[PDB]
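What you see below is based on every heavy atom in this structure, not just the backbone, and it leaves out hydrogens, waters and symmetry mates. When a ligand or atom number is given, it counts from 1 through the structure's own listing order. Throughout, protein chains are lettered first and strands after them, A, B, ... in sequence-line order, and every chain is numbered starting at 1.
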Amino acid sequence: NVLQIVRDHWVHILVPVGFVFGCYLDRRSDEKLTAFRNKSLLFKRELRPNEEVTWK
Amino acid sequence: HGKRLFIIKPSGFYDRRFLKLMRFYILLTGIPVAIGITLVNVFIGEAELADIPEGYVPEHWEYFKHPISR
Amino acid sequence: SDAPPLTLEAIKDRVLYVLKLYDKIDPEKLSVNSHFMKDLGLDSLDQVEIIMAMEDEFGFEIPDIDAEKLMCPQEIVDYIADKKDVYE
Amino acid sequence: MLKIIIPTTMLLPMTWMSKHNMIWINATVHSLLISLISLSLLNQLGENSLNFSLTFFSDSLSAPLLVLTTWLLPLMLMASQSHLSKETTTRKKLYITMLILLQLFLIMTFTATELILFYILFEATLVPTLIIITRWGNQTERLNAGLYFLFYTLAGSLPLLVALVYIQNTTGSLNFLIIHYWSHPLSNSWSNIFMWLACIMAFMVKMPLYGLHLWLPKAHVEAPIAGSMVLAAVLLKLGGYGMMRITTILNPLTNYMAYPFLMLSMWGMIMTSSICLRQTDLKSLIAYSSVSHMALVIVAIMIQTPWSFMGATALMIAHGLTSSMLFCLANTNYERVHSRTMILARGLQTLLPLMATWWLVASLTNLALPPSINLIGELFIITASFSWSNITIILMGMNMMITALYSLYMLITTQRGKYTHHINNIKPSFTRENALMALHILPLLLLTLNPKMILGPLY
Amino acid sequence: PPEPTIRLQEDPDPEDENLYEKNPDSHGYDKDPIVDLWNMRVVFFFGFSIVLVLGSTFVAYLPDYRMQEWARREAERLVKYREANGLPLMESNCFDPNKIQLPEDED
Amino acid sequence: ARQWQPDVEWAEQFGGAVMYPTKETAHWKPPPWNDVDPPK
Amino acid sequence: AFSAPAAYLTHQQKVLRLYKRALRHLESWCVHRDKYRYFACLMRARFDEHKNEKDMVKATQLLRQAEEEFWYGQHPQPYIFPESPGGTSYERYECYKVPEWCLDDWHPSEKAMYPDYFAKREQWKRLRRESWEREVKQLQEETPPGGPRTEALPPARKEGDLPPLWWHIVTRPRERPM
Ligand SMILES: CCCCCCCCCCCCCCCCC[C@@H](O)O[C@H](CO[C@H](O)CCCCCCCCCCCCCCC)COP(=O)(O)OCC[N+](C)(C)C
Ligand SMILES: CCCCCCCCCCCCCCCCC[C@@H](O)O[C@H](CO[C@H](O)CCCCCCCCCCCCCCC)COP(=O)(O)OCC[N+](C)(C)C
Ligand SMILES: CCCCCCCC/C=C\CCCCCCCC(=O)O[C@H](COC(=O)CCCCCCC/C=C/CCCCCCCC)COP(=O)(O)OCCN
Ligand SMILES: CCCCCCCCCCCC(=O)SCCNC(=O)CCNC(=O)[C@H](O)C(C)(C)COP(=O)(O)O
């Protein structure tokens with residue numbers, strides 16, 4: 001029953017939340033390593049007309 | 001001849017129960033997987049190698065052949 | 001296998017058969033409860049020979065410790081029945 | 001890499017905020033889900049690595065070890081559920097906390113782009129294991145065992161730290177990528193010889209090396225089942241992983257300096273396999289078998305050829321799984337008979353046939369029956385050694401023969417023959433034990449279908 | 001010697017308790033039948049069904065990031081080119097010698 | 001069936017004035033429970 | 001097998017055991033029955049010529065030369081009955097022998113089959129429970145002080161008593177359980 005099993009099963013939601021937070025933090029840390037994006041000699045690519053960044 | 005005797009042996013109930021449970025769960029997930037895999041191969045098919053058209057840059061997942069891998 | 005489930009009657013008959021084929025004993029005076037040493041006047045060498053005959057006729061070996069104290073046909077039959085687990 | 005680290009951390013508040021009778025269920029379910037998530041690290045590259053950030057990076061040597069570490073926790077929980085029944089909720093939560101902390105430290109250790117960070121976590125794993133051994137062990141020797149398991153380790157690890165900081169004072173960095181790209185030869189000097197020794201001995205003691213293996217039988221015998229599982233499966237592989245990482249700065253001095261360790265390992269595998277033939281304790285026999293397998297891994301790492309490294313990776317994974325299964329079987333027998341003496345409970349095939357099948361398959365994988373990954377690693381190492389020197393074949397074949405001998409001796413003594421008459425408390429095997437055994441053994445026979453997942457970065 | 005031979009006040013060693021005694025169909029997980037059954041169910045579903053089957057299928061169908069077929073195709077076209085032009089297949093030098101400056105010995 | 005825990009004999013190892021008793025230090029005595037000596 | 005062993009073997013027992021062993025090994029040597037009968041009668045005669053010796057030292061000097069001669073000519077591959085400790089089917093059916101207490105671990109669905117058997121088993125268990133309390137006292141009162149000297153057990157003395165320590169002799173699995 002709602003508002004009753006929540007008080008007994010609230011703990012279960014924590015691990016899944018951590019997985020999402022870790023994914024978000026991984027992307028945020030990825031955003032700080034773009035000093036060479038579209039600058040490597042191997043993947044110097046000219047941007048598409050409706051493109052901002054080659055990868056995110 | 002009604003000389004049937006009782007055979008003393010350990011309980012086979014728990015071994016059979018465990019085997020049935022393991023088989024049931026493995027099949028519970030594997031049968032849909034097998035059917036889906038076969039269906040995907042049969043109708044979706046597999047990508048065929050082709051030359052990259054001029055002025056077109058493919059996505060990173062367009063360099064792979066199997067649809068599930070893509 | 002197909003070996004018949006031998007009974008006490010068969011064991012008794014076969015033991016008495018082997019004993020009546022021992023010519024140092026007269027068969028008419030032989031009985032299931034007759035003692036070997038006194039009722040028939042046999043030596044202990046004769047007793048061990050009788051044990052060997054029983055072993056060769058039933059296809060299994062009686063150990064020396066058990067064999068050396070089997071002095072009547074009835075108790076020989078009982079020993080064989082206990083070893084082979086005969087019901088009736 | 002945080003998408004695996006954060007859920008493992010969240011395992012702790014979830015464990016401590018759980019009901020008194022839901023801790024095992026929640027821990028098992030969420031540890032299994034973490035294992036499933038970590039399974040996606042196996043998509044490795046033919047190029048450098050999976051460099052997530054400045055702190056953590058993944059490699060096809062690190063990924064199998066990470067996946068095995070994540071997979072071991074649910075099995076450890078299932079094994080620990082039985083003998084912790086009569087104990088308070090707070091203490092069971094503390095035990096699960098120790099297991100979770102061990103997993104977290106191992107996960108961060110295997111990625112650990114920095115060598116000092118690797119050392120810190122590689123030594124942080126020491127504390128949970130020591131607490132588990134000296135708190136939830138049964139016999140009175142556990143304390144002594146803990147002391148050994150402590151000091152040996154530190155006796156090897158303290159010089160390494162000095163060496164490490166020394167390197168950064170000369171090179172300027174301890175990042176593994178920079179070290180690999182800027183590596184330079186080591187001149188044959190006394191100072192370089194002692195730097196080599198300081199770099200090697202810390203990982204040698206935890207393999208363990210044959211002369212330095214005294215702590216392992218004690219620590220594995222006196223530890224509880226979860227402790228033995230984690231010690232044999234993951235903690236022994238830290239030395240191999242560290243050697244594989246650190247031998248990049250030790251060339252060409254490894255050519256000369258490898259000889260005493262090569263001789264020690266090649267003779268000690270024979271010695272420990274022979275010791276297994278005369279053993280009155282199941283756990284001690286399994287521990288000595290672990291010593292033999294790790295001696296083979298030491299030989300492989302010291303030869304430092306591609307086939308050597310592939311065989312060593314495969315053998316590390318296979319040995320972890322097989323030794324965990326063997327310890328679990330021994331513990332299933334022990335929880336019934338409470339003796340841990342191999343000769344006492346006999347003829348268990350007639351009473352526990354499915355457990356006898358599990359015993360047979362575990363002995364077969366320990367025996368390195370093809371095409372198991374145990375034999376894949378064995379054969380790759382043996383071929384590399386043969387190329388190194390053709391005379392190694394005598395020692396390798398003798399080790400194979402003795403290994404088969406003691407594995408089948410262990411199987412025949414416990415499962416075959418006649419049951420002990422006075423023992424009448426051998427209950428039918430529980431579904432938990434059979435599930436544990438299957439969850440050990442199916443990954444092995446299923447990994448033999450895709451060997452490149454466990455053959456390392458030189459595949 | 002009026003000593004009791006009782007060195008201290010100690011509880012007797014308890015006898016081990018059978019889970020099958022109070023509960024057949026006990027699964028060996030817990031003495032509570034409901035928690036026992038649900039522990040068995042979650043272990044079997046999340047171990048055999050989810051991780052073991054779906055994870056194995058996921059590993060089986062992992063995309064070729066190791067570039068095995070890519071290397072095979074590159075080698076195929078390279079061998080086709082060199083065989084057509086009569087070039088001696090693989091060269092013994094990994095780098096071009098013209099762009100390496102050796103140190104003159106003058107010994 | 002039960003985990004071993006220290007008994008009285010195990011505890012008495014740590015009850016002396018010092019650890020590792022010697023012939024010279026055998027006659028030493030542990031200090032009083034409260035750090036007070038009789039004035040005699 | 002069944003009978004309790006003694007502290008020693010007397011001279012007569014040693015002679016009889018040598019007689020049986022020599023006859024069996026001569027049978028191994030003499031394959032055919034007529035040849036065996038002839039040589040066995042000769043062998044019995046050769047035993048009989050010193051049946052009446054009164055000197056124990058002479059009789060002990062004998063049987064010793066005899067056992068030495070036996071060991072010299074003992075047919076290193078004698079015939080063994082298949083079920084005997086050296087036979088080819090000695091412990092063949094031990095893997096089929098299951099203890100009776102294992103039935104206590106059967107699931108109730110397993111005991112639902114064979115209800116009469118388990119009712120009779122319950123009767124046997126009750127009989128054992130009472131008889132054991134009687135047996136302990138009877139053995140304690142009948143044993144000589146200082147402990148038993150020979151591992152021979154007494155029978156039941158009263159009407160309702162059962163032989164002491166009978167459960168594991170009466171409830172043997174079978175010679176061929178399966
Ligand atoms: C009970 C009696 C038997 C009844 C059942 C009968 C049926 C038996 C059939 C099953 C066994 C027979 C062997 C036949 C194998 C067929 C499937 C196989 O061919 O697929 C494999 C695929 O499977 C995978 O390679 C192996 C599975 C990976 C295992 C991962 C472990 C699961 C995670 C658990 C935790 C980890 C613990 C251990 C840590 C290291 C290899 O395929 P591969 O040619 O290569 O490429 C796949 C397809 N491509 C081409 C599209 C890419
Ligand atoms: C106990 C359980 C196992 C623990 C671990 C055991 C492994 C440790 C083994 C150490 C590896 C080798 C150490 C030194 C190797 C150097 C090569 C040497 O053996 O050969 C000769 C070395 O000569 C003599 O060895 C000189 C040193 C003599 C003093 C050493 C003590 C001998 C026994 C000590 C062993 C005790 C080990 C444990 C210590 C606690 C060659 O002489 P030379 O070509 O001119 O000089 C070569 C070195 N240079 C080039 C840098 C100058
Ligand atoms: C399981 C228990 C094992 C215990 C530890 C075993 C490993 C022993 C390895 C040596 C320990 C310390 C080594 C130093 C760490 C590396 C630092 C380094 O390489 O710097 C060297 C310094 O080299 C040293 O100082 C080494 C001195 C060692 C003193 C301690 C000796 C310990 C015992 C020696 C005998 C045993 C050696 C091997 C034992 C293996 C383990 C059994 C050169 O630097 P500089 O001198 O500044 O530059 C040269 C120009 N001046
Ligand atoms: C082919 C293989 C090798 C064969 C070689 C072996 C050679 C053996 C021949 C040696 C000769 C002997 O008898 S060795 C001589 C041993 N000493 C005696 O015989 C003294 C008194 N005899 C007994 O006591 C007997 O038991 C007896 C009274 C017969 C029965 O007794 P029962 O009334 O209690 O049945």
Side-chain angles (χ1 to χ4, degrees), chain B residues 19 22-23 26-27 30 34 37 40-41 46 64-69, chain D residues 32 35-36 38-39 42 63-72 74-75 151-167 169-170 186-202 204-206 208-215 233-234 253 256-265 268 313-314 316-318 320-321 324 373 439-454, chain E residues 47-48 50-64 68-69:
Chain B
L19 287 187
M22 182 172 70
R23 185 257 304 276
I26 288 187
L27 282 188
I37 287 183
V40 175
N41 286 338
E46 280 192 331
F64 306 117
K65 185 177 180 180
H66 202 279
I68 303 183
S69 292
Chain D
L32 278 158
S35 196
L36 173 72
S38 84
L39 200 58
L42 285 179
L65 289 163
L66 279 165
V67 176
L68 179 72
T69 301
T70 55
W71 176 253
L72 206 73
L75 314 186
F151 283 108
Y152 266 83
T153 289
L154 295 181
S157 70
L158 285 187
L160 173 66
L161 176 67
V162 183
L164 286 182
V165 307
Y166 171 91
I167 285 154
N169 286 158
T170 68
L186 281 183
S187 178
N188 191 0
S189 167
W190 289 117
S191 298
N192 280 334
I193 278 172
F194 281 101
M195 205 206 70
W196 195 97
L197 274 178
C199 282
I200 296 298
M201 291 300 326
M204 277 281 167
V205 66
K206 316 174 73 73
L209 188 60
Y210 167 58
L212 297 174
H213 76 295
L214 288 193
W215 64 270
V234 185
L253 192 50
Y256 302 160
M257 290 298 291
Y259 273 107
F261 303 92
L262 280 169
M263 300 308 108
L264 270 171
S265 283
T313 318
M316 282 199 273
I317 305 295
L321 275 170
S324 173
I373 53 166
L439 288 172
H440 286 91
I441 192 74
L442 282 71
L444 280 164
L445 318 183
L446 197 76
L447 275 174
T448 190
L449 276 173
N450 211 348
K452 72 166 172 293
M453 299 284 103
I454 62 175
Chain E
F48 290 102
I50 296 302
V51 176
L52 214 48
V53 171
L54 300 179
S56 298
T57 317
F58 170 85
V59 171
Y61 284 105
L62 274 182
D64 190 33
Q68 183 62 255
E69 293 83 3

For this session: Between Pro159(D), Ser191(D), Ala155(D), flag the one that comes closest to atom 11 (C) of ligand 3 by a heavy atom.
Result: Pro159(D)
Exercise. Out of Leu253(D), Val205(D), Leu212(D), who gets a non-hydrogen atom closest to atom 4 (C) of ligand 2?
Worked result: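 Nearest heavy atom to atom 4 (C) of ligand 2 lies in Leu212(D).
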[atom] - nearest protein heavy atom and its distance:
{"atom": "atom 39 (C) of ligand 3", "answer": "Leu197(D) CD1, 4.5 Å"}
{"atom": "atom 15 (C) of ligand 3", "answer": "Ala198(D) CB, 3.6 Å"}
{"atom": "atom 10 (C) of ligand 3", "answer": "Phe194(D) CD2, 4.0 Å"}
{"atom": "atom 3 (C) of ligand 2", "answer": "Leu264(D) CD1, 3.8 Å"}
{"atom": "atom 16 (C) of ligand 2", "answer": "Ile193(D) CD1, 3.9 Å"}
{"atom": "atom 20 (O) of ligand 1", "answer": "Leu449(D) CD1, 4.8 Å"}
{"atom": "atom 51 (C) of ligand 1", "answer": "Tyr61(E) CE2, 3.5 Å"}
{"atom": "atom 5 (C) of ligand 2", "answer": "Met201(D) CE, 3.9 Å"}
{"atom": "atom 22 (C) of ligand 2", "answer": "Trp190(D) CH2, 4.2 Å"}
{"atom": "atom 12 (C) of ligand 2", "answer": "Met257(D) CE, 4.0 Å"}
{"atom": "atom 19 (O) of ligand 3", "answer": "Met195(D) CB, 3.1 Å"}
{"atom": "atom 47 (O) of ligand 3", "answer": "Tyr166(D) CE1, 4.2 Å"}
{"atom": "atom 49 (N) of ligand 1", "answer": "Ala60(E) O, 4.2 Å"}
{"atom": "atom 30 (C) of ligand 1", "answer": "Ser56(E) OG, 4.0 Å"}

Exercise. Side chain, backbone, both or neither: which part of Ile68(B) has a heavy atom under 4.0 Å from ligand 1?
Worked result: neither
Exercise. Hey, is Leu446(D) touching ligand 1 through its side chain, its backbone, both or neither, going by heavy atoms under 4.0 Å?
Worked result: both
Exercise. Does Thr170(D) use its side chain to pair, donor to acceptor, with the backbone of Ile167(D) at less than 3.5 Å?
Worked result: yes
Exercise. Hey, does the side chain of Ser324(D) reach the backbone of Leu321(D) with a donor-acceptor pair shorter than 3.5 angstrom?
Worked result: no
Taking every non-hydrogen atom, the tightest pair across [X] and [Y]:
{"X": "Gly156(D)", "Y": "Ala202(D)", "result": "O-CB, 3.2 Å"}
{"X": "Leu62(E)", "Y": "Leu42(D)", "result": "CD1-C, 4.1 Å"}
{"X": "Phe58(E)", "Y": "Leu39(D)", "result": "CE2-O, 4.2 Å"}
{"X": "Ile37(B)", "Y": "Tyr61(E)", "result": "CG2-OH, 3.5 Å"}
{"X": "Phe261(D)", "Y": "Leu197(D)", "result": "CZ-CD2, 3.9 Å"}

Look at [atom] and say whether a protein heavy atom is found at less than 4.0 angstrom from it.
{"atom": "atom 51 (N) of ligand 3", "result": "no"}
{"atom": "atom 7 (C) of ligand 2", "result": "yes"}
{"atom": "atom 14 (C) of ligand 1", "result": "no"}
{"atom": "atom 32 (C) of ligand 1", "result": "yes"}
{"atom": "atom 36 (C) of ligand 3", "result": "no"}
{"atom": "atom 40 (C) of ligand 1", "result": "yes"}
{"atom": "atom 37 (C) of ligand 2", "result": "no"}
{"atom": "atom 3 (C) of ligand 3", "result": "yes"}
{"atom": "atom 24 (C) of ligand 2", "result": "no"}
{"atom": "atom 1 (C) of ligand 2", "result": "no"}
{"atom": "atom 28 (C) of ligand 2", "result": "no"}

For this session: For side chain to side chain contact (heavy atoms under 4.5 Å, CB included), just list the numbers for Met257(D) and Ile200(D), CA-CA rounded to whole Å, side-chain angles, deciding distance to a tenth of an Å, and then say yes or no.
Result: CA-CA 10 Å; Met257(D) 290 298 291; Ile200(D) 296 298; over 6 Å; no
For this session: Run the numbers on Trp215(D) and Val205(D) for side chain to side chain contact (heavy atoms under 4.5 Å, CB included), then give the verdict.
Result: CA-CA 9 Å; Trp215(D) 64 270; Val205(D) 66; 4.2 Å; yes
Exercise. Does ligand 2 have an atom under 4.0 Å from some heavy atom of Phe261(D)?
Worked result: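 It does, in that a heavy atom of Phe261(D) comes within the 4.0 Å cut-off of ligand 2.
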If you count the atoms of ligand 1 from 1 in the order shown, which ones are under 4.0 Å from a heavy atom of [X]?
{"X": "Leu447(D)", "value": "40 (C)"}
{"X": "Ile317(D)", "value": "40 (C)"}
{"X": "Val59(E)", "value": "28 (C)"}

Problem set entry | Contact check: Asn450(D) vs ligand 1, nitrogen or oxygen atoms, below 3.5 angstrom |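 N/O-N/O distance below 3.5 Å exists for this pair.
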Problem set entry | CD/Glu46(B): more than 12 non-hydrogen atoms of other groups inside 6.0 Å |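 Enclosed: over 12 neighbouring heavy atoms sit under 6.0 Å from CD of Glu46(B).
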For this session: Indicate the ring-plane relationship of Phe194(D) and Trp190(D), choosing parallel, tilted or perpendicular according to the 30° and 60° boundaries.
Result: tilted
For this session: With side chain to side chain contact (heavy atoms under 4.5 Å, CB included) as the test, would you mind laying out the steps for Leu253(D) and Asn188(D) before giving the verdict?
Result: CA-CA 7 Å; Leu253(D) 192 50; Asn188(D) 191 0; 4.2 Å; yes
Exercise. Hey, are the side chains of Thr153(D) and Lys206(D) touching, using non-hydrogen atoms and a 4.5 Å cut-off?
Worked result: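 The answer is yes, as the side chains (C-beta and beyond) meet within the 4.5 Å cut-off.
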Problem set entry | Straight-line distance of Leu164(D) CG to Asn169(D) CG, nearest 0.5 Å |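 Nearest 0.5 Å value for the CG-CG distance: 11.0 Å.
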Seminar exercise, completed: Within 4.0 Å of some non-hydrogen atom of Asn188(D), the atoms of ligand 2 are 49 (N), 50 (C), 51 (C)
Problem set entry | Atoms in ligand 2 flagged as close to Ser189(D), the criterion being non-hydrogen separation under 4.0 Å |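 Answer for ligand 2: 51 (C).
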Seminar exercise, completed: Honestly, for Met201(D) the part within reach of ligand 3 (heavy atoms, under 4.0 Å) is side chain
